[PDB]
Each structure stands twice: as C-alpha cells, then as structure tokens.
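*Asks:* Residue numbers (the working numbering), protein chains in the order written: chain A, 3 to 239; chain B, 3 to 239; chain C, 100 to 386; chain D, 100 to 386; chain E, -3 to 35; chain F, -3 to 35; chain G, 475 to 721; chain H, 475 to 721; chain I, 3 to 51. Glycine included, C-beta positions come from ideal geometry on N, C-alpha and C. Pasting a structure below so you can have a look.
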Amino acid sequence: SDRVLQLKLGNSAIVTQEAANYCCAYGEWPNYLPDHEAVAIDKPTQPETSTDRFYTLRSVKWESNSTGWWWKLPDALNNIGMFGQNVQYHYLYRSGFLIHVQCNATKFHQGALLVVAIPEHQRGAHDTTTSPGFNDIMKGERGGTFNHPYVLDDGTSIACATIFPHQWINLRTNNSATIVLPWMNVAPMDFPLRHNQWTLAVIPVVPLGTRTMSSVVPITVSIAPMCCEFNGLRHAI
Amino acid sequence: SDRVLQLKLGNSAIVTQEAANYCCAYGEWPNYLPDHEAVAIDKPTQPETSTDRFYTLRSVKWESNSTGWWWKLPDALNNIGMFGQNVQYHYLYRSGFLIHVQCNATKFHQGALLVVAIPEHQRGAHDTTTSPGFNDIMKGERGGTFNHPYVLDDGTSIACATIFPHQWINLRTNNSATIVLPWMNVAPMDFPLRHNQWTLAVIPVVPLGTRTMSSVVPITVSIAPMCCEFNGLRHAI
Amino acid sequence: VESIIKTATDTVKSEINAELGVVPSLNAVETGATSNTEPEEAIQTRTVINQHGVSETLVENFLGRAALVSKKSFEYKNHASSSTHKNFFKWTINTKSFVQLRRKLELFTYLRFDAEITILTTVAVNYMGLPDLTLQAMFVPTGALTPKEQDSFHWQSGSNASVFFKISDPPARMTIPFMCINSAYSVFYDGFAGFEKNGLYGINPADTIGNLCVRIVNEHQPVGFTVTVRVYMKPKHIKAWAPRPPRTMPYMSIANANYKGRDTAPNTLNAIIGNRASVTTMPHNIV
Amino acid sequence: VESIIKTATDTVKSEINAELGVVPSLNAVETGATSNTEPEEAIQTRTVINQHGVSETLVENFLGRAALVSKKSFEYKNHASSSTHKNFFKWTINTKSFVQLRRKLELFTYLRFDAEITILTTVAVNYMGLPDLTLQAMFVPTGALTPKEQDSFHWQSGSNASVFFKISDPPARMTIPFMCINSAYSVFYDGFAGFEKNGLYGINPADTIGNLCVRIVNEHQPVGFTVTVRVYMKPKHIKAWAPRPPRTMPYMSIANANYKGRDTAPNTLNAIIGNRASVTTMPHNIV
Amino acid sequence: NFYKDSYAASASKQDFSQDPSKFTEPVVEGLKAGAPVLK
Amino acid sequence: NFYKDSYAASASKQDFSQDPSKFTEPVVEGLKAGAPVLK
Amino acid sequence: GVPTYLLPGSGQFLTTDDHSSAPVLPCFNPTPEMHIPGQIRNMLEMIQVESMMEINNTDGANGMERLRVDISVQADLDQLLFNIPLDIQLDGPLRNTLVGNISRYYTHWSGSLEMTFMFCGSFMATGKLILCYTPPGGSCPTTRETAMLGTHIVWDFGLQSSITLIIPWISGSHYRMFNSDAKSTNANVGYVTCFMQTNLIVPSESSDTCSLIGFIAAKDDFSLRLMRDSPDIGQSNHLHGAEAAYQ
Amino acid sequence: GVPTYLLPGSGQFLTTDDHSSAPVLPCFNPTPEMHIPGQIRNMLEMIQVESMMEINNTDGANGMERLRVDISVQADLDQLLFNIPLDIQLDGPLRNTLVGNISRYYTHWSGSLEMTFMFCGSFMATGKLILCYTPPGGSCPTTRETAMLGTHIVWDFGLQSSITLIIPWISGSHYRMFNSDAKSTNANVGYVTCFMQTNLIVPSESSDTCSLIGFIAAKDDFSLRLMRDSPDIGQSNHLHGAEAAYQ
Amino acid sequence: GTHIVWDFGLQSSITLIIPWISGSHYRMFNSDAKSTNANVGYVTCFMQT
Ligand SMILES: CC(=O)N[C@@H]1[C@@H](O)[C@H](O[C@@H]2O[C@H](CO)[C@H](O)[C@H](O[C@]3(C(=O)O)C[C@H](O)[C@@H](NC(C)=O)[C@H]([C@H](O)[C@H](O)CO)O3)[C@H]2O)[C@@H](CO)O[C@H]1O
Ligand SMILES: CC(=O)N[C@@H]1[C@@H](O)[C@H](O[C@@H]2O[C@H](CO)[C@H](O)[C@H](O[C@]3(C(=O)O)C[C@H](O)[C@@H](NC(C)=O)[C@H]([C@H](O)[C@H](O)CO)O3)[C@H]2O)[C@@H](CO)O[C@H]1O
C-alpha cells in the first residue's frame, strides 16, 4: 500500500513495488510563481509536458569501495531535452523536481544508501585554501563523486545530513527512493547556468556486500522538473 | 489638430501649421498676483494689451557650425515697446511669458534644435576663477551665444537639460516650438534690471544639413509677456 | 494628476495586439513630453503586485543628511608674535565649499528648509595630554560685526546666539530656521545683487545664512595645540522646486559655476563619458 | 501540524500493552521520517505536567547575541615614513572571520535579519596618559569608493552614513537593516556570482553588507599609539530556513568551506569523535 | 517636539504626494495612449 | 521604539509557533501510531 | 528623580540620525510660503523624465557629437549600427542621464527602463530599424538573426518621429545592485543593439547620413535603495575662494 | 527638564542586552518577504530529527566505518555486542549529532531521548537483539542477565527494519547539566548496551557480518537552558583571507 | 519519448501504452513502411538498472 507507487508526468511514468512511502521536502509541494511574489514582468512560458517529465541520467555502478555520487540541479539537466532548450534560451527559470533513485539487488545482498537532497550544497576543497573551480562544480548530466563523504565534502558531516530532505535505500527493505522538491531559493527565479538550488547526493553508508553470485549493481537517477516557468527570452547560450 | 495652432494676445497673433502640441511649464499657467501672496502695498498697474502681446526679436542665422543661442528674460525685452517703458519707470515687475520659436526649411533639410526655458540659468565662465561680468550676462534683445553648449555653459550638461520645460524643432517634423511660462521666482515680484527669471536657449543638437540648394535658414523668437503687473512707480532708469 | 505614491506601480498582464490606428510604441519627442509607452503595450506582460517602497527617494530623505560644510584648523597658543587665526576664526556660512553636499543641493533650483547644525571639535598637541577646552560659537548675521580678538568684548553676545561647548561633550547641535527673506533659498541666481553694475554675479546675499564666529574660551596654555572645528549641516522640513541637470565638470570656485573639466575623460570638457573603441564595441562584454 | 509551543510536552500515564497488529516501537528509517515512538508506548509511564519552558531555544534568542565580527589594531601616529594602516582602515564586512558566530549562522541555509552594530575602541601608548580621540566610522556600500587617506575629502560623507564617537563614550551603536536584494541572505551559495566562468565560487555579493571605513579624526600626536577597533554584530527580527549539519572540521578560509581536519582526533578528517578502546569499552565507567 | 519653536522638530518624512506629469507631460493637450501623438 | 524605522526596534522574542513535522515527518502519507510503517 | 542608564550609542553623532534640536532663534517667524511652479517631492519623479544618452562616446567625437548616432545608407543587408552597454550604475552612455545620475546616489535599483529614439534626418528620408534588448547570460549579439530573438521593436520612420524600446524589469532578484563588477550576476542587465531592418533610403538632395538621438528614463515601477556618495563628483583641494570665507 | 540619575550599569555594553538602536539608513524599504520552504523557529525543532551516532569510534575505523556497528554470527550465547556512553554533553558517539551539537550550545537539558537502529543486513538474515538503558548508579552491565533488568526493547529483525529504544527522562532534578565531570550526579545519564537476544542467522550466500546504523534524537518533552559558546569549534589564528578583507 | 520504467515484483507485468499520436485521423497501409501516413515510430527496451 505504501510499498508500491506510480509516478506519472507528461509522457513518462515510473512504478516501484518496493518503495518506502515518499518524501515531500519540508512538507511542501511544487507550484507556479504567484503574482504577489513575482518580480520579472514579462509573461512567462509554462511549457508543461515538454519539460515537466522524467529525465533518466546515465547510471553509475555501486562498487564495494564506492564513496558516493552527486548531481546538481538544474545543472544536471541543463542540456537535456526541452527543459535544456528552455534553459539555454531563457535568462530566468524556476521549477520544483520529482526525484526517483533506483537500485535493486538480491535477497542475498546487503547495503544502505543515504539519498538526500541538499539545498545550496556549497562544496569545499580538501587541504588547500584555494576555492573549488568551475569544473570541480559543474559536472552536468554525469554528476560527480564524493572525496570525503564522511564530512559531505564541505567540512560538516554526513551523520547530521538527515536534517535535509531524504530517504534511504536499504536493500533488504526497498529498491527505490522518491523525494519531491519545491522551488528552493531566496529569489522567485534564477539564472540556471550559474547557480544550483539543490544537490542530489547518494552515499553508501553501509557498503554493498554478498556471498552470492557477483553482479554489476547499478544505481539510476530519474528526475522530473515540475511547474517549470521561464522568463527573459533571447538567443541560446 | 495638434499640429496647427493660433496664439493671439493684444493686437498680435501667430499661426503655425507644423506645431507639436505646446508646453505649459511645470503644468502651470500665468496669473496675476493674488492678495494672499502680495508684498508691495501700492496699487499695481496692469496695462494688459499694451504689454501682454508678442514682441519679435531680431533673427539669427542657423549655420552648419552654430553652437546655439540664448536670450534672458526680462532683459531681452526691457527696452522694447510699452513693456520696456513700464519696466524702466517701475522698480518692480511681474509676468509670465508665451514663447514661440520659429524655424522652417525644406523637406530635404535635416536638423534638430532643443528649445528649452531654463529657470535661474546662472552662467559660468570657462577656464578661469573669475565670475562672469555684467556685459557677459546682459545682452538685451540681441541675446547671446553658447561657448560650450555641451555643458550648458554652466558645467552641467545639455543631455539632462530636458528636465526643464522644453520642446524640439526637428525639421522633418515641425517648424515651431511653443512654451508658456508662469512667473518663476522665490519672491512675488522683482527688480527687472538686475535679475532674469528665465533663459530661453535654442541649441542645435543635430546640425543643419542638406544636399539641396543652400539657403539662409533663420531662427526667429517671438515673446509675449503675460499678466504683466508693475509696482513702485518713479522716473525712468 | 497629483496622487499619493507609497510603492512602485504594479504590472497588469497583457495580451497580443494587432489594432489599426493604435501605435503605443510611437511617440513625438518634439512635444517635450516623455514617452508614455507602457510595458504592457510594448510586450506581453504578466501580472505583478509590486511591493517595492519609494520612501528612500523622498526629497526629505535624499537631502536629509548631516554633511560637512566647514572644516577649520588653527593654532591654539600664545600668539604674541603671530602675523593667522589667533585662537579664534570667523566663517561666512556657505554650502558651496564641499562638493558632495553642493552637487546634491544644486540638483534643485529653489529650496526651503530649516538647518540642523552640528559642531565637532578635535585637538592635537604640537606629549603630555589633551586639554578639555571650552569653545564658543557665536552666530553673527551676514555682514554684521564680528570679533577681532579672542578676548574682544564682542563675545559678550548680548543678543547674538552663542553656544558654549566642551571638547569632551558630544558635538554641539542646534537648528537654524529657514531664515531667507524670500519664500525659498535660491540655489542658483541669474542676476546681480546690487543696484550698480559692478556687483558680484550669481550671489544673492539673501541666501547667506550668516557668519559663524568660533573661539577657544580658555586663555592659552604653556604649549601650543592644533584645534580643528568641523561644522555639519542637515536640512529638514524640506520643500524643493525645479530639478536641474547634475554638475559634471569639477567645481573651480565657491563663488560661481565656472568650469574647466578634467585633463582627460571622464568628465572632460569635450567628453563627459569615458571613451570606448566604437559605437559597436561592447565594454565588459561577457566572454 | 503547526502550533504554538510554550513548554515541553506533558507525559500521560500508560498501561500494559499486548495488542496484535500494533507495534509502536518498530519503524522504517528508510522513509526518511524520524521515529514516532512515544515514551508512553515504549514503557509504562506516569502522568507528568511538564512546565519546562522552551523560550531560550527560540531562533531569535539563539542567534540574538552581539558577537565579535571584526578586530583591527593599527598605529595612530605621524606616518611620514610608513610603507600599513595610516591612521585609518577599511574593512569589507563579512561574518566568516570569527568562528563562534560563523558556525552558528551556518547552522542555517537562509537567514533574514536586521543587524545591530556595536563598535568598541581601545588605546595603548607605544607613559603619559591616554588621549580621548574622536573616530569616524563611515558605511560605504559593497565595492563602492573608499577613502585613501586619513584626511581625504571622501570623509565629508555627504550621503554615506557616518558615525562619530569618542573613546570615552560608551561603544557606538546603530542598526543596519536587512539590506539584501533578495528576501533573505544566503548563508551558503552553491554557485558563481558572475556571468563568466572565472568568478569566485560560493560568494554571492548580494550577501555582503558593505564596507566599514574607520579613521581617527584627530591629527597625529607627538607620540604614537596603538588603537584597536572591535566590531560586534547582533542579528534581530530573525527568520531562518533549512537547518544544516554543524561544522566539524576547523575552518581554513573566510572565502570557502575548505577543510583539512585537526592532526589527531577529535575532529580529524578520518575521525570526528575521539577514540575509545573498543565498541564494548565504556569511557568514564563508574568504578 | 519639546521645544517651543516648531522648526526645531525632527524631520518630516511622510509626504508621499507626487505629480511626475508636471515634468514628464507638461503639454497643454493630454496625450492618449496608443493614439498617434501628432495628428 | 522611538525611532521612525521599525527595523530599529528591539528584538522580537514572541514567536512560539512550531512545526517539527516539516523536518521529522516529511512523508506524503502520515504514519499512524502503532501501525506497521511499511504495509 | 528618574533612575536611568546610558545605552551603547550614547553621545555619538550619526549623520543620518533624526531628532529635534535647540532652536537658535526663538520666536523666529519664517517667511510665508508662496506657491512656486515645479515642486518635486520624490526623486523618482525626476528620473521618469527622459534625457539624452551619450551613445557616441568615442575618441574623435567631441562635445555634442557624442550625443547623436549617425546612420548612413548601407551597401549591405541586415547591418549592425550600434549597441549600448546597460549598467546605469557604471560609466557608459547611460551614466550622465537623469536616471543614471540620481541612481548613482543609490546602490540598489529595480524597475523598467525606456529608451526612446528620435530620427532627425530629412522628411524625404525613410527607413526601418530594429532595436533589441537581450537579457543577460551570454555575449552581446552581433547579427540581427541573433538579436531579433530577444525583446524588440521594429521602427518605421514617419510622421511620428520617435520610437520607444521598453527594457522591462527582468531579474531573478527583486533588486539589482552596483559592486563595481560589471559581470556580476546581480548587476549585468544585458544588452541593447540596433540593426537596419531594411535600410536608410534618401533622395539625391537629402543628406545621406542622418542622426538619431537616444533618450532613456525610468518608468513608474522603479525603485532605488541604499543611499551612498556619488562617484561622479570629488575634490582633492580647497575650491577657489573657500579659504577666503574665513577672511 | 527632568531630574534624573545614572544607575550602576550605565554605559556598559552587555552582549545579551536587548534595546532598539539608531537606524543607519532612514526610510530604507527592505525586500518583500517571500515564502521559503523549511522555516525553523525554535532550535528544539532541529534536535527532534534523528541523526547518526558514531558508535564505532575506535582506532582502525576510518570515516564512515565509524558510523556503523558490525555484528556477526556468534558461536556463543547471550553475547554483548556493544555499549554506548550517554552524556550528550561530552565527547562520544552522541556528540556529533543534531541533538548533541545543538545541546552543546547550552548547559542544562531535560527530556527523553530516542535511539533508533536500522538493520542493514540482507533480507535472508534474521535475528533478535535486546537494547537496554540502565539508569545511573553503578558500573556498566557486561552480561545480558544484568542489562535486561533495566529499561529495554527486544528487537526482531523483519520487514519493519528499525527499532526504537526510548531513553525516558529519569532524573531526580528537573535538569541535568554539563560541568566536565562525567561522573557527577547531575550529569551521568546511565548506559545503553546491546546483546544478542538469540543470534544473527544467515544462509551461505548472505554476508555473515551485517551492519546496524544507530540514530538518536530528542522527543518533544525536551528543554535546553543557559546558552554558552560551543566547545566544538575554535581558532588560534586568523583564517586565511581574513586580513585581506582590510586590503 | 513516451515511456514506463518497470520494476520487477509481485505484479509480474507492465503495460506500455502506445497512445494514438498522428496528424491525420487514420493511418494507412500502402506497402511503404516509411510513408508519413504509415510509420508509427519505434519501441525500444533498455536496462534501467
Ligand atoms: C582601459 C579601457 O579599456 N577603457 C577605458 C575606460 O575604462 C575609461 O573609463 C573610465 O574607467 C574608470 C575605471 O577605470 C571608471 O569607471 C571611469 O568612471 C567614473 C566612475 O564611475 O568611477 C565616472 C565618474 O564620473 C568619475 N568621477 C569623477 C569625480 O571625475 C570617475 C573617476 O574619474 C575615477 O573614479 C578616477 O578615480 O570615473 C571611466 O570613465 C575610458 C576613459 O576615456 O577610457 C577607456 O579607454
Ligand atoms: C586518554 C584517554 O583515555 N582517552 C582519550 C580521550 O580522552 C580522547 O578524547 C578527547 O578528550 C578530550 C579530553 O581530553 C576532550 O573531551 C575531547 O573532546 C572535545 C571536548 O569536548 O572538549 C570535542 C570538541 O569537539 C573538541 N574541539 C575542537 C574545537 O576541536 C575539543 C578539543 O580538541 C579539546 O578541548 C582540546 O583542547 O575536544 C575528546 O575527544 C581521544 C582522542 O582520540 O583519545 C582517547 O585516547
């Protein structure tokens, strides 16, 4: 009942038969920008189904020595489908996100992944006073990897990361995690190419292990923008 | 409809068939001094038609290298007609002004004149600490010329001169500019021979140009005092 | 036409337009009126309830700041053999000596306001301690009789207003009312303040608040000190009329609007704005 | 779900439980929800009317403290032959230089607040007495024009807010309003504040209150002094959003979250908590 | 204001009245929106 | 507050509103007490 | 008496403070007020008046030549005529305007701007131009096909001599700000470019080079915050006669 | 005027004082508020969220290995698996948690704590554990027969992956406090121990060593008092770039 | 394109709907598989994990 779920947006749908309810970040739900909070005065474009749909990124392999993975939003999708086109042709964007992380194995496998959506995850660099560079931050669809997941690569800690919207994928329990993210920013809209509102982090707190037949165990991420709005139309960047 | 206009005061009238509406400085209209603002207690003389009429000054020639012209009020009229006589015989005067600047050419000519009425246009001298002298300021009916119109001969700028009551004479559009000026001062009346309330400035921002038959293109100024009042009668100065 | 505005205007959503005889984006600058084209008429807009306030640009606030108008340092000592401000000075009040305040006031033609005056005093030994001196600032009307010595009997101030203050106290402060003989001060004056022809141009004496005579009350000490008096003025209860083009050329004198311009742009006589390579060259272009 | 809480919740007495299908102590951490097991369901409880208040943990109080944000000492003297803060300094305001305040602010993602600023000044002779100097602290907007000399005319402060105070007076104080161009300050910023790619990461200029320019107004004395200015900031009228994991690794820079960790636990990169002999070793065991 | 002279009072920052048209549209005949300004 | 700008006022320590569930139970379907969370 | 205690801040002189103070001249009767034309109550009234942009700010252009942009009959199609940097907070064509000068006394701004261009060629001259506003993000467009994708107005020369290009307030944040970095995400406004839509066409006796005068102003949805000293004026010495005020 | 007199305390600067003060920018209009997700009004809201305990804080355990406790199939009965010191005011497994970090900004605390453990072995793995909370007074129990006499929960591994052990507020005084003495009667909370109730049992193809992740949080009957500087952060030098803020 | 992510479990089957998406009311056969009035598009299957 709270273990099965179907998500449908646009021409895309996803089902899971081993869910663990699902998370609504801070108890909120995505919505379009109301007139009393608006700033940009040009009429926005709300493409709906062409952008508010699931985009599945390339999978990653969960290995015995993996440290974890991360994908920044909207960066990870800024070059995918019609969402990517609207982002490139407009100075301003706004949207929520429906995140679905997938990972199945066997009744003989064990492992636990923390799936957390971090707002404003400003990364820190290790053992240097030099700030992270553009290429250390903007990885796009490929996403990045954690150097020191123990401190969330920002000098804090993964132990307290549960203060952020999250779920876990504990192999003996479930095979997917779902998190609904509302627009999260101090401004009603933003320039999509230089600021990432959220960072999706998937970290193996309990390593993958088994004594049965060894198989490649992938982790897949599907993300659907929600209530997309774009302002400041011009040429593509 | 707003391109044709007839101005009639006293025994004088002027028509234009290429006007551009007309300006009422600061949205005001000339009026006689009310009892609740009066200071001088002697009964004033209000000559009406003998002074409130159009006085046409000598024309000037618009040349390819002209820098601009100016006429200070009431100085420019202090020695013309009955207005001039009342000014010379009375210590105090008060009046508004109806200004009509004229300049026609050909459908093959181009040029644009900024016609602006500047209140308290205190001139500055160029490259010296010595203040302008009496003869640099009081030109009378002949008016003066701009040395550096770019900074309105006062160290500011013509670019922002549009903050003052004005119109333009853009040859392809109109052949005249009309500005109605109300009494402008911090006192209800003043001594006409030592203080000029307004300065009429005509500056060619876009030089006169054509490839057709070269002809002398004049600029003519006609000014009609309005609601004239004089106090402090004595002998003529 | 007049109305109460407390916030920036809202925007109303607009639709597609294709009407003959209706051309909101066209105007006629020749009329002297500024374009009345609204955003809603130029593009398709959304509805926006604008809550941005407009109070920081109220004239009262724009000019309502205590700005430095006078700074004078002199030697406090035994002036037996001095040629020099001998333990006191006189300052003909004017708001044309310090450029930041001057340029702002000159954005207007006429101004009516009361003036809050604040006086700050500082001392330095010409080391064995800083004396807590008592000073006297006497307001002497424009062109009136000012003291000629630190101990002149003129300082008895029978009618003139005088304020006595100590360097250890907070800066002295008092308000001079709008005291012009006219309904407003003339920031600019296109005339001569005298009945003859040799008078000064652009100087209406009616706009000179007056003289400020400041002395150290204490007799001199065995050693000399440098005393600096700074006067600040803050206009309030302000009414302003006829805005003007802002000053661009550097000021040359406090007595006139004479100009020369900087040696090279920006703000040079033949070029106010700094140059760019051409009219198609975009400065700070995003690479 | 939202409600007014003024005291810790009461406890209700509970009885024995033996119900099939009811397992309050079991949960599913995978959902992301924190356990909802109540004490009454885990053990037999008594009734307790809890009067313990919760006001000291209100965000307004938690962050409502004047914390040191800037400490600057310079030499006040004749700087004729100085290479050095010549009787004045400029400080680009930031709340990242002192760790106690920084760590607390960083417990949140976004913060909206007004800032009460208090300025404390101290002096020491480089003995014959301590001078009661007058200082000027001028607020110059972020990236704006700051003075280059103690006597620069920039200090005339025509529009910038300036506060003049004496060392003998209580510390100066004033409130800077929430001045961000956004609805809240970004304590953390996962982006680049420029349209090009070489800009600084994690630094949103919109979150920099501005520059604080402080000078000694007095001309130099015959001897030199060391003057130290301390600035404290207390946020008030606070609204906070999205709490975050507390900082564990020592801070390395004010410009980023770079980390290295201590040389040995606690708070070392591979071990935040100090070690114990084994998971069955009880530290501080009662003997 | 505890002083007897009203000019001694603190600032008066409550005058929100405005009339930009005296500077932006000082034309005798009001210009209608959309209509050709010159006719 | 004797100052004219409201932001100058003293602290506001009277907001006792709370909603821990936005952090402790951000699940779409409320979890019933005693009932198995996963069903 | 009343028990009291002094708070931090006591005795300080804040230049922006607002208190009553001792009247120097008791019982003084100020001159009666008189109606005077042109009263201004909010500086926003001043910036709504359009003023001339110094678009031709190039070496070789002197004085008023800098206030007009000359366009000529082209030999090629879709030609770029000129562009205009838009930071009303930095030096450029927009700095010495009413909106630019007043805005520079502040640090934050928000609202729509309007640019009006008046064609000053002869009556017999015709033409169509396209004025484009490109929101920020990339490099300034150099071809009409690219510029045309942004906000724009196609202008046909005729009896109505002027066209208005509205630069709508399009920003992520409520306000934009100055911080001396023109490429900052909270400062850059984008670009304005002008291309021939068709071409300037004139007969033999009309000048074949005509001028445009560009004006700019703020609309009534404008707002300015955080006052600061203006960078447009300064002094390094006493002005002439200043010291004489003490003699 | 009004006769007054200054009281002791006059002129002082108390960092915790609460007064209004002069507005630096008069007539400033702050940016309008906008709804933002996740507003927090009382720090007690934050500590009610469970976070990971660093139970395996031992030499040889690096990084995340310290955040999980491995349990193996036992050869003997009633085996002790691990224990956890409980002073959320001292360094130990509970210090770097949400409740621990925030509580360390205070000196006094009261309320129930909750520890939740999630079993992360394979589906085919079964087992029963007993988690015990022993109120203070003696030495930490080392045998199940002794630990079992305290507050406890017997946990059966199954579909519901996690169990919660409530550490009820059991104290003589209203509040407990920190004073750096772990054995003080007003500080010591007691102990938490974990033993096999039966045993971890797994088939040949399942890993025979499984991990548990322990979490802790405060319940809503919690209260914190007497704010103090946190011992978890400090500096002995200027941070890099701090001095550059003056250049 | 249009899709469904399928998770193997108790419910053994998944359904992919191929919605009628055509410009014309009907599609037709004319022996030319690449005709604009005949080609329906494609169905592909990939490993999600
Ligand atoms: C080198 C290059 O590529 N181009 C230069 C161009 O940068 C230069 O422009 C000047 O550049 C400076 C920056 O160095 C300023 O932005 C100048 O602007 C202002 C300012 O905004 O600060 C305008 C202001 O009005 C000026 N004030 C006064 C009181 O005069 C100030 C002032 O001069 C400076 O602050 C000096 O300290 O400058 C801007 O013009 C132009 C010059 O032609 O040349 C290019 O080659
Ligand atoms: C000797 C022994 O039996 N066991 C040690 C064990 O004591 C040691 O633990 C450290 O011990 C000290 C007491 O000496 C502290 O309790 C350390 O904790 C904290 C503190 O609470 O004060 C945690 C805090 O986060 C730390 N702060 C910072 C800013 O780094 C401080 C800090 O380092 C000290 O105050 C230093 O002055 O410590 C606690 O870890 C462990 C180390 O592995 O080793 C055992 O052998």
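Span of the beta strand (DSSP E) holding C/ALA341?
*Replies:* 324 to 342
*Asks:* Output the distance between the C-alpha atoms of C/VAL239 and C/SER258, rounded to the nearest integer angstrom.
*Replies:* 10 Å
*Asks:* Could you spell out where the beta strand (DSSP E) holding A/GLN8 opens and where it closes?
*Replies:* Looking at the DSSP string, the run of the beta strand (DSSP E) that includes A/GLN8 is 7 to 11.
*Asks:* Considering only residues of the same chain and omitting the five flanking positions on each side of C/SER154, which have a CB-CB separation below 8 Å?
*Replies:* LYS105, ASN160
*Asks:* Whose Cβ in chain H lies nearer than 8 Å to the Cβ of G/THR478?
*Replies:* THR478, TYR479, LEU480, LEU481, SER484
*Asks:* Closer than 8 Å, Cβ to Cβ, to anything on chain D: give me those residues from the segment -3 to 15 of chain F, in chain order.
*Replies:* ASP1, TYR3, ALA4, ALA5, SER6, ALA7, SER8, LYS9, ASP11, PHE12, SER13, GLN14, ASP15
*Asks:* Between the segment 320 to 336 of chain C and the segment 220 to 232 of chain C, do at least 3 Cβ pairs fall closer than 8 Å?
*Replies:* yes
*Asks:* Does the structure place the segment 586 to 600 of chain G close enough to the segment 673 to 683 of chain G that three or more beta carbon pairs sit under 8 Å?
*Replies:* yes
*Asks:* Counting contacts by CB-CB distance shorter than 8 Å, is H/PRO500 in contact with chain C?
*Replies:* yes
*Asks:* For the alpha helix (DSSP H) holding B/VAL17, just list the boundary residues, first then last.
*Replies:* It is not in any alpha helix (DSSP H) - B/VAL17 instead sits in the beta strand (DSSP E) that spans 14 to 18.
*Asks:* Run down chain D in chain order and give the residues with a C-beta less than 9 Å from the C-beta of C/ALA166.
*Replies:* Within 9 Å of the CB of C/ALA166, the CB atoms of chain D belong to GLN255, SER256, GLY257, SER258, in sequence order along the chain.
*Asks:* Looking at C-alpha atoms only, which residue of A/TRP170, A/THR201, A/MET215, A/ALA127 is the closest neighbour of A/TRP185?
*Replies:* A/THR201
*Asks:* Quick one: grab the DSSP three-state call for C/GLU318.
*Replies:* coil
*Asks:* For the alpha helix (DSSP H) that contains D/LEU204, what are its first and last residues?
*Replies:* 198 to 204 is the extent of the alpha helix (DSSP H) around D/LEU204.
*Asks:* Skipping 5 residues on each side, what residues in its chain have a beta carbon closer than 7 Å to that of A/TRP31?
*Replies:* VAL182, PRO184
*Asks:* So with Cβ pairs under 8 Å, would you call A/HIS128 a contact of chain G?
*Replies:* no
*Asks:* Beta carbon of D/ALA356, beta carbon of A/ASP156: below 8 Å?
*Replies:* Taking 8 Å as the Cβ cut-off, D/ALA356 and A/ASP156 qualify as a contacting pair.
*Asks:* Just checking H/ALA535 against ligand 2 - is the residue's beta carbon closer than 7 Å to any of the ligand's heavy atoms?
*Replies:* no
*Asks:* Curious, which full-length alpha helix (DSSP H) runs of at least 4 residues does the segment 130 to 154 of chain B contain?
*Replies:* 136 to 139
*Asks:* Rounding to the nearest angstrom, what Cα-Cα distance links A/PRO190 and H/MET508 in this structure?
*Replies:* 8 Å
*Asks:* Specify whether the segment 60 to 71 of chain A and the segment 204 to 220 of chain A touch according to this definition: at least 3 beta carbon pairs, one from each stretch, less than 8 Å apart.
*Replies:* A contact exists between the segment 60 to 71 of chain A and the segment 204 to 220 of chain A.
*Asks:* Taking 8 Å as the CB-CB cut-off, is B/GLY211 touching chain G?
*Replies:* Yes, B/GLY211 counts as interfacial toward chain G.
*Asks:* Just to check my reading of the structure: A/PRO220 and A/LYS63 have Cβ atoms closer than 8 Å, yes? What is that Cβ distance to the nearest angstrom?
*Replies:* 6 Å
*Asks:* Flag H/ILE545 as yes if its beta-carbon sits less than 8 Å from any beta-carbon of chain A, otherwise no.
*Replies:* no
*Asks:* Nearest CA to the CA of C/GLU318: which residue from C/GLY131, C/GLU248, C/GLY242?
*Replies:* Proximity to C/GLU318 across C/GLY131, C/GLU248, C/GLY242 peaks at C/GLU248, based on C-alpha coordinates.
*Asks:* Where do the N-terminal and C-terminal ends of the beta strand (DSSP E) with B/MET228 fall, by residue?
*Replies:* Note, B/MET228: beta strand (DSSP E), 220 to 235.
*Asks:* Measuring CA to CA, which of H/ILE529, H/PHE631, H/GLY485, H/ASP694 is closest to residue 723 of chain H?
*Replies:* Since the displayed chain H opens at 475 and closes at 721, residue 723 of chain H lies outside it and no answer follows.
*Asks:* Take every Cβ of the segment 367 to 384 of chain C, pair it with every Cβ of the segment 483 to 502 of chain H, and state whether three or more of those distances are shorter than 8 Å.
*Replies:* no
*Asks:* Do you know how far the Cα of G/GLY708 is from the Cα of C/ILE372?
*Replies:* 16 Å
*Asks:* So which residues of chain H does A/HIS197 contact, with C-beta pairs closer than 8 Å?
*Replies:* In chain order: nothing, as chain H lies at least about 15 Å away.
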